[PDB]
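With compact mmCIF, C-alpha atoms (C1' of nucleotides) inside, this is model_36.txt:
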# COMPACT_ATOMS: atom_id res chain seq x y z
CA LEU A 717 82.13 -6.30 2.60
CA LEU A 718 81.15 -8.75 -0.16
CA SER A 719 82.37 -9.58 -3.65
CA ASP A 720 81.04 -8.28 -6.95
CA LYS A 721 80.01 -11.82 -7.87
CA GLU A 722 77.98 -12.13 -4.65
CA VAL A 723 76.38 -8.69 -4.99
CA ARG A 724 75.29 -9.49 -8.54
CA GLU A 725 74.02 -12.90 -7.38
CA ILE A 726 71.89 -11.04 -4.82
CA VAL A 727 70.62 -8.68 -7.54
CA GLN A 728 69.57 -11.72 -9.57
CA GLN A 729 67.12 -12.85 -6.87
CA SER A 730 65.76 -9.52 -5.59
CA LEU A 731 62.44 -8.32 -7.00
CA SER A 732 62.78 -4.55 -6.52
CA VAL A 733 65.39 -2.15 -5.20
CA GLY A 734 63.56 -2.25 -1.88
CA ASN A 735 63.98 -6.02 -1.82
CA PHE A 736 67.62 -5.57 -2.84
CA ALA A 737 68.13 -3.45 0.28
CA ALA A 738 66.22 -5.98 2.39
CA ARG A 739 68.38 -8.82 1.08
CA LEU A 740 71.60 -6.92 1.70
CA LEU A 741 70.23 -6.34 5.20
CA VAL A 742 69.68 -10.05 5.83
CA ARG A 743 73.08 -10.94 4.37
CA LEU A 744 74.97 -8.26 6.32
CA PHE A 745 73.08 -8.71 9.63
CA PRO A 746 72.99 -12.52 10.09
CA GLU A 747 72.97 -12.10 13.88
CA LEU A 748 69.42 -10.73 13.81
CA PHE A 749 67.99 -13.38 11.47
CA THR A 750 68.69 -16.51 13.50
CA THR A 751 65.82 -18.37 15.17
CA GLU A 752 66.47 -16.00 18.09
CA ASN A 753 64.82 -13.28 15.95
CA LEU A 754 66.70 -10.37 17.48
CA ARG A 755 65.63 -8.36 14.41
CA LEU A 756 62.36 -7.64 16.23
CA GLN A 757 64.24 -5.31 18.60
CA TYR A 758 65.82 -3.20 15.83
CA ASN A 759 65.05 -0.78 13.04
CA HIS A 760 67.04 1.51 10.75
CA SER A 761 66.86 4.72 12.81
CA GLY A 762 66.44 3.75 16.46
CA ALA A 763 62.86 5.05 16.56
CA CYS A 764 59.79 3.61 18.28
CA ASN A 765 61.77 2.57 21.38
CA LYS A 766 63.89 0.20 19.26
CA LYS A 767 67.61 -0.43 18.94
CA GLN A 768 69.35 1.11 15.93
CA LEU A 769 70.87 -1.08 13.23
CA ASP A 770 74.65 -0.78 12.76
CA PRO A 771 74.91 2.62 11.05
CA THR A 772 78.04 1.64 9.12
CA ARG A 773 76.66 -1.61 7.71
CA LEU A 774 73.53 0.34 6.76
CA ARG A 775 75.78 2.81 4.95
CA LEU A 776 77.41 -0.11 3.13
CA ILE A 777 73.96 -1.36 2.10
CA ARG A 778 73.13 2.07 0.70
CA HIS A 779 76.47 1.98 -1.10
CA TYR A 780 75.59 -1.26 -2.87
CA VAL A 781 72.03 -0.05 -3.55
CA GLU A 782 73.04 3.24 -5.16
CA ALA A 783 75.76 1.31 -7.01
CA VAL A 784 73.54 -1.28 -8.70
CA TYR A 785 70.56 1.08 -8.95
CA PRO A 786 72.05 4.53 -9.68
CA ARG A 787 68.66 6.25 -9.21
CA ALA A 788 68.98 5.37 -5.51
CA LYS A 789 71.44 8.25 -5.01
CA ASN A 790 68.44 10.50 -4.34
CA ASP A 791 67.59 10.43 -0.64
CA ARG A 792 63.95 10.47 -1.75
CA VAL A 793 64.36 6.96 -3.23
CA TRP A 794 66.44 5.40 -0.45
CA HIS A 795 64.37 6.93 2.38
CA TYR A 796 61.13 5.99 0.61
CA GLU A 797 61.77 2.51 -0.83
CA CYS A 798 64.71 0.86 0.93
CA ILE A 799 64.54 1.91 4.59
CA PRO A 800 60.78 1.12 4.69
CA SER A 801 61.56 -2.32 3.24
CA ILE A 802 64.50 -2.63 5.65
CA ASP A 803 62.33 -1.84 8.67
CA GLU A 804 59.55 -4.15 7.46
CA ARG A 805 62.08 -6.97 7.02
CA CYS A 806 63.45 -6.46 10.54
CA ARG A 807 59.97 -6.30 12.08
CA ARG A 808 57.84 -8.74 10.09
CA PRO A 809 56.52 -11.65 12.17
CA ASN A 810 57.14 -15.34 11.65
CA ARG A 811 53.48 -16.38 11.64
CA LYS A 812 50.94 -13.98 10.16
CA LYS A 813 48.29 -12.89 12.64
CA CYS A 814 45.34 -14.29 10.69
CA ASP A 815 47.32 -17.49 10.10
CA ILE A 816 47.70 -17.87 13.88
CA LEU A 817 43.96 -17.33 14.30
CA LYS A 818 43.28 -19.90 11.54
CA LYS A 819 45.47 -22.64 13.05
CA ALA A 820 43.30 -22.40 16.20
CA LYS A 821 40.49 -24.42 14.60
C1' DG B 1 54.23 -22.04 4.42
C1' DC B 2 57.75 -18.28 2.81
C1' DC B 3 58.16 -14.14 1.55
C1' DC B 4 56.77 -9.27 -0.36
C1' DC B 5 54.62 -5.22 -0.32
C1' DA B 6 50.80 -2.03 -0.04
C1' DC B 7 48.29 0.63 3.63
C1' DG B 8 45.30 2.37 7.64
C1' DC B 9 46.62 4.14 11.68
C1' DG B 10 48.51 6.32 15.85
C1' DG B 11 52.48 8.75 17.96
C1' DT B 12 55.59 12.49 17.01
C1' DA C 1 52.71 16.23 7.51
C1' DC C 2 55.82 12.54 8.46
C1' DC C 3 57.21 8.29 10.10
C1' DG C 4 57.35 3.52 11.60
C1' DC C 5 54.20 -0.35 13.26
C1' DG C 6 50.84 -4.00 12.82
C1' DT C 7 48.45 -6.33 9.46
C1' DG C 8 46.61 -9.02 5.55
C1' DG C 9 45.90 -9.79 0.29
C1' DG C 10 48.44 -12.41 -2.51
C1' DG C 11 52.31 -14.40 -5.73
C1' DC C 12 55.45 -18.03 -5.46

File written out as structure tokens:
Amino acid sequence: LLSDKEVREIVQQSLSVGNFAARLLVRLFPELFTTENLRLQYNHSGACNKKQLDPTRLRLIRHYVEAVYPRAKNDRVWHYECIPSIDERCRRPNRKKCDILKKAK
DNA sequence: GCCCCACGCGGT
DNA sequence: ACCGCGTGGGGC
């Protein structure tokens, strides 16, 4: 639960509605985005042998998304732009692979 | 370096 | 067909 001021401040910095959902994810799930990087054990559905993000916080994220971006009320926009960005955010690595290969030399 | 997003691909 | 992962081109 976060203020209207803070939601609009998040909208200011997000690039697309997918990134709005990703940012609301990071802000609402600060436990997973410490240097512990627990995010790498989670996704939005509980698929691919991974733990499932808090369904109710995810619902709140969708609430804010469909609120700011009304077009998000279609499941075909949430399921196709936000939850892919949410899962990518939870899973994306610290160091890129090719960057790790490049720092070898 | 951080961060975003498109995208081939393999399991379902 | 669909769905999520690993991955890298690339803007900042």

Hey, list the chain C side of the contact with chain A: 8 Å cut-off, only C-alpha atoms (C1' of nucleotides), answer as a compact mmCIF listing (two decimals) with C-alpha atoms (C1' of nucleotides), keeping the file's coordinate frame.
# COMPACT_ATOMS: atom_id res chain seq x y z
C1' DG C 4 57.35 3.52 11.60
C1' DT C 7 48.45 -6.33 9.46
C1' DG C 8 46.61 -9.02 5.55

Please identify every residue of chain B that has at least one atom no farther than 10 Å from an atom of chain A, counting all atoms listed in the file, and for each give the shortest atom pair and the distance in Å to one decimal, arranged by chain then increasing number, as a Markdown table.
| residue | atom | partner | partner_atom | distance |
| --- | --- | --- | --- | --- |
| B:1 | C1' | A:811 | CA | 9.2 |
| B:2 | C1' | A:810 | CA | 9.3 |
| B:3 | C1' | A:805 | CA | 9.8 |
| B:4 | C1' | A:735 | CA | 8.0 |
| B:5 | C1' | A:801 | CA | 8.3 |
| B:11 | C1' | A:764 | CA | 8.9 |
| B:12 | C1' | A:764 | CA | 9.9 |

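Straight-line separation from CA of residue 773 (chain A) to CA of residue 737 (chain A): 11.5 Å.
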
If you count all atoms listed in the file, the residue of A:740, A:816, A:726, A:802 closest to residue 779 (chain A) turns out to be A:740

For the atom pair CA of residue 762 (chain A) and CA of residue 719 (chain A), what is the interatomic distance in Å to one decimal place?
-> 28.9 Å

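Protein, DNA and RNA residues at most 10 Å from (80.7, -8.6, 1.7), with all atoms listed in the file, are these: residues 717, 718, 719, 720, 722, 723, 740, 743, 744, 776 and 777 of chain A.
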
My structure is short of atoms at region 788-814 of chain A; please model N, CA, C and O atoms there, returning them as a PDB file, keeping the file's coordinate frame.
ATOM      1  N   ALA A 788      69.065   5.368  -6.961  1.00  0.00           N
ATOM      2  CA  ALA A 788      68.980   5.370  -5.510  1.00  0.00           C
ATOM      3  C   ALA A 788      69.810   6.466  -4.856  1.00  0.00           C
ATOM      4  O   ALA A 788      69.721   6.634  -3.633  1.00  0.00           O
ATOM      5  N   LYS A 789      70.620   7.205  -5.622  1.00  0.00           N
ATOM      6  CA  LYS A 789      71.440   8.250  -5.010  1.00  0.00           C
ATOM      7  C   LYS A 789      70.582   9.367  -4.427  1.00  0.00           C
ATOM      8  O   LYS A 789      71.005  10.045  -3.483  1.00  0.00           O
ATOM      9  N   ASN A 790      69.378   9.573  -4.964  1.00  0.00           N
ATOM     10  CA  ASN A 790      68.440  10.500  -4.340  1.00  0.00           C
ATOM     11  C   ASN A 790      68.031   9.965  -2.974  1.00  0.00           C
ATOM     12  O   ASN A 790      67.653   8.797  -2.840  1.00  0.00           O
ATOM     13  N   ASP A 791      68.099  10.824  -1.953  1.00  0.00           N
ATOM     14  CA  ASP A 791      67.590  10.430  -0.640  1.00  0.00           C
ATOM     15  C   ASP A 791      66.102  10.123  -0.679  1.00  0.00           C
ATOM     16  O   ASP A 791      65.611   9.353   0.154  1.00  0.00           O
ATOM     17  N   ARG A 792      65.379  10.697  -1.638  1.00  0.00           N
ATOM     18  CA  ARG A 792      63.950  10.470  -1.750  1.00  0.00           C
ATOM     19  C   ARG A 792      63.610   9.075  -2.270  1.00  0.00           C
ATOM     20  O   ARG A 792      62.448   8.670  -2.182  1.00  0.00           O
ATOM     21  N   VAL A 793      64.579   8.338  -2.806  1.00  0.00           N
ATOM     22  CA  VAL A 793      64.360   6.960  -3.230  1.00  0.00           C
ATOM     23  C   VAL A 793      64.817   5.972  -2.165  1.00  0.00           C
ATOM     24  O   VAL A 793      64.112   5.007  -1.868  1.00  0.00           O
ATOM     25  N   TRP A 794      65.989   6.210  -1.572  1.00  0.00           N
ATOM     26  CA  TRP A 794      66.440   5.400  -0.450  1.00  0.00           C
ATOM     27  C   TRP A 794      65.452   5.489   0.715  1.00  0.00           C
ATOM     28  O   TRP A 794      64.839   4.487   1.104  1.00  0.00           O
ATOM     29  N   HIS A 795      65.239   6.704   1.234  1.00  0.00           N
ATOM     30  CA  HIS A 795      64.370   6.930   2.380  1.00  0.00           C
ATOM     31  C   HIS A 795      62.937   6.463   2.149  1.00  0.00           C
ATOM     32  O   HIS A 795      62.199   6.253   3.117  1.00  0.00           O
ATOM     33  N   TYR A 796      62.520   6.294   0.898  1.00  0.00           N
ATOM     34  CA  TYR A 796      61.130   5.990   0.610  1.00  0.00           C
ATOM     35  C   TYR A 796      60.895   4.577   0.079  1.00  0.00           C
ATOM     36  O   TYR A 796      59.748   4.118   0.087  1.00  0.00           O
ATOM     37  N   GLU A 797      61.931   3.876  -0.365  1.00  0.00           N
ATOM     38  CA  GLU A 797      61.770   2.510  -0.830  1.00  0.00           C
ATOM     39  C   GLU A 797      62.596   1.507  -0.044  1.00  0.00           C
ATOM     40  O   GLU A 797      62.109   0.414   0.248  1.00  0.00           O
ATOM     41  N   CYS A 798      63.834   1.846   0.320  1.00  0.00           N
ATOM     42  CA  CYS A 798      64.710   0.860   0.930  1.00  0.00           C
ATOM     43  C   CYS A 798      64.528   0.795   2.449  1.00  0.00           C
ATOM     44  O   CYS A 798      64.234  -0.275   2.993  1.00  0.00           O
ATOM     45  N   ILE A 799      64.677   1.923   3.138  1.00  0.00           N
ATOM     46  CA  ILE A 799      64.540   1.910   4.590  1.00  0.00           C
ATOM     47  C   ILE A 799      63.134   1.479   5.032  1.00  0.00           C
ATOM     48  O   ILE A 799      63.021   0.833   6.085  1.00  0.00           O
ATOM     49  N   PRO A 800      62.045   1.751   4.291  1.00  0.00           N
ATOM     50  CA  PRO A 800      60.780   1.120   4.690  1.00  0.00           C
ATOM     51  C   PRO A 800      60.809  -0.388   4.521  1.00  0.00           C
ATOM     52  O   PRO A 800      60.319  -1.114   5.396  1.00  0.00           O
ATOM     53  N   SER A 801      61.402  -0.880   3.423  1.00  0.00           N
ATOM     54  CA  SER A 801      61.560  -2.320   3.240  1.00  0.00           C
ATOM     55  C   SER A 801      62.522  -2.910   4.265  1.00  0.00           C
ATOM     56  O   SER A 801      62.311  -4.027   4.751  1.00  0.00           O
ATOM     57  N   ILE A 802      63.571  -2.168   4.621  1.00  0.00           N
ATOM     58  CA  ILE A 802      64.500  -2.630   5.650  1.00  0.00           C
ATOM     59  C   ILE A 802      63.785  -2.799   6.980  1.00  0.00           C
ATOM     60  O   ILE A 802      63.889  -3.844   7.639  1.00  0.00           O
ATOM     61  N   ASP A 803      63.044  -1.769   7.397  1.00  0.00           N
ATOM     62  CA  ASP A 803      62.330  -1.840   8.670  1.00  0.00           C
ATOM     63  C   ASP A 803      61.288  -2.945   8.659  1.00  0.00           C
ATOM     64  O   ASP A 803      61.150  -3.683   9.644  1.00  0.00           O
ATOM     65  N   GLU A 804      60.541  -3.081   7.557  1.00  0.00           N
ATOM     66  CA  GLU A 804      59.550  -4.150   7.460  1.00  0.00           C
ATOM     67  C   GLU A 804      60.219  -5.513   7.609  1.00  0.00           C
ATOM     68  O   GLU A 804      59.726  -6.382   8.337  1.00  0.00           O
ATOM     69  N   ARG A 805      61.346  -5.715   6.920  1.00  0.00           N
ATOM     70  CA  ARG A 805      62.080  -6.970   7.020  1.00  0.00           C
ATOM     71  C   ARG A 805      62.477  -7.255   8.465  1.00  0.00           C
ATOM     72  O   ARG A 805      62.268  -8.362   8.974  1.00  0.00           O
ATOM     73  N   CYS A 806      63.035  -6.253   9.148  1.00  0.00           N
ATOM     74  CA  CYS A 806      63.450  -6.460  10.540  1.00  0.00           C
ATOM     75  C   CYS A 806      62.274  -6.762  11.451  1.00  0.00           C
ATOM     76  O   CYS A 806      62.427  -7.507  12.425  1.00  0.00           O
ATOM     77  N   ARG A 807      61.096  -6.209  11.160  1.00  0.00           N
ATOM     78  CA  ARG A 807      59.970  -6.300  12.080  1.00  0.00           C
ATOM     79  C   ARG A 807      58.946  -7.371  11.722  1.00  0.00           C
ATOM     80  O   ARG A 807      58.099  -7.685  12.563  1.00  0.00           O
ATOM     81  N   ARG A 808      58.972  -7.920  10.510  1.00  0.00           N
ATOM     82  CA  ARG A 808      57.840  -8.740  10.090  1.00  0.00           C
ATOM     83  C   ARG A 808      57.803 -10.038  10.887  1.00  0.00           C
ATOM     84  O   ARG A 808      58.852 -10.612  11.193  1.00  0.00           O
ATOM     85  N   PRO A 809      56.615 -10.503  11.262  1.00  0.00           N
ATOM     86  CA  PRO A 809      56.520 -11.650  12.170  1.00  0.00           C
ATOM     87  C   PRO A 809      56.726 -12.966  11.434  1.00  0.00           C
ATOM     88  O   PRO A 809      56.628 -13.056  10.207  1.00  0.00           O
ATOM     89  N   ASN A 810      57.018 -14.003  12.221  1.00  0.00           N
ATOM     90  CA  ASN A 810      57.140 -15.340  11.650  1.00  0.00           C
ATOM     91  C   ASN A 810      55.798 -15.825  11.129  1.00  0.00           C
ATOM     92  O   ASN A 810      55.620 -16.032   9.923  1.00  0.00           O
ATOM     93  N   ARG A 811      54.828 -15.986  12.022  1.00  0.00           N
ATOM     94  CA  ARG A 811      53.480 -16.380  11.640  1.00  0.00           C
ATOM     95  C   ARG A 811      52.625 -15.128  11.457  1.00  0.00           C
ATOM     96  O   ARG A 811      52.614 -14.251  12.324  1.00  0.00           O
ATOM     97  N   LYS A 812      51.917 -15.050  10.331  1.00  0.00           N
ATOM     98  CA  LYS A 812      50.940 -13.980  10.160  1.00  0.00           C
ATOM     99  C   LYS A 812      49.912 -14.045  11.285  1.00  0.00           C
ATOM    100  O   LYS A 812      49.692 -15.092  11.896  1.00  0.00           O
ATOM    101  N   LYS A 813      49.288 -12.904  11.578  1.00  0.00           N
ATOM    102  CA  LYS A 813      48.290 -12.890  12.640  1.00  0.00           C
ATOM    103  C   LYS A 813      47.096 -13.761  12.278  1.00  0.00           C
ATOM    104  O   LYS A 813      46.704 -14.657  13.041  1.00  0.00           O
ATOM    105  N   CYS A 814      46.512 -13.520  11.100  1.00  0.00           N
ATOM    106  CA  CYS A 814      45.340 -14.290  10.690  1.00  0.00           C
ATOM    107  C   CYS A 814      45.675 -15.764  10.514  1.00  0.00           C
ATOM    108  O   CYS A 814      44.811 -16.621  10.725  1.00  0.00           O
TER     109      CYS A 814
END
